[PDB]
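First, one chain by itself: the form deposited in one PDB entry, in structure tokens.
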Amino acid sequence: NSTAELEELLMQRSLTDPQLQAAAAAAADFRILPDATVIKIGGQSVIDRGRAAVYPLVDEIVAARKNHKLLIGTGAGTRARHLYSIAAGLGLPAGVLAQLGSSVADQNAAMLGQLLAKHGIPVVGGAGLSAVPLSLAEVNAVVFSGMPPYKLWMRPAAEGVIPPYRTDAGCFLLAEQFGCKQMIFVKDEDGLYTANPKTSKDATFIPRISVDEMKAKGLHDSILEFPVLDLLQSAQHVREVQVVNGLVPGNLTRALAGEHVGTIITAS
């Protein structure tokens, strides 16, 4: 490989050419925001529960940003499920549902940002490149809306019209793109179990598992949107994620301190 070699392939071949694809893979790898942690705050699992779930998390974020740079993405929740139900019953395609679900993640970002404003933490568009707030000890965190930008260009799932890339995927891809050091999903269960702990009597807790092992055990579609497990296996930067229970006081703080609360899911 060389720069000049790559530049010739880039000029002379289709981008689909395996020889150009392999030369580009040899490029250097820059991490844009390597010292940041991306956290997703679940819509259904946390924000829809109101003050009893959100106020302790707000206190944890305020304490945590003293030691940890944070990008805090919001989930969507029950209002997006309602929009999806109305739109799917009309026969609208996945790209139209995708646009409707963004509005609900935005509402949640606005509500969380208003609780955080007097602590100096803004809601932003462009979290990964919100250079100023992330460089200041007074701030050191931003809130963003967790849906991806795909809108009408959303790829549909193999079946049905629910957008397959929603706020788990939005937050994950932002962590991956900006080369962040850690990705934490804040949900309302202690972590991954062998069955849905809400629906199932003797599900066993799983502290640590690989994407291949999850698929083999029939957990591809359990505590995270299932396409995230495939994005994780393709990821250059974030090769594991941690799922934690935001309802347990201090859980987010402990995960940020390196404690193994919850479940660690690894690409390999």
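So that there is no doubt, residue numbering starts at 1 and follows the sequence shown. Shifts are known only where both forms have a C-alpha. Throughout, rigid core stands for the largest set of C-alpha atoms superposing within 1.5 Å between the two forms.
Keep in mind the form deposited in another entry is missing from the figure; the text below concerns it.
Note: rigid core superposed between the shown form and the other one; among 113, 133, 77, 148, the CA shift is 2 Å or more only at 133. Pairwise change in that other deposited form: residue 63 and residue 133 C-alpha atoms lie farther apart than in the shown form, at least 3 Å. In that other deposited form, the Cα-Cα separation between residue 258 and residue 128 grows by 3 Å or more relative to the displayed conformation. 126 to 138 is the sole run of three or more consecutive shared residues whose C-alphas all shift by 2 Å or more between the shown form and the other one after the rigid core is superposed.
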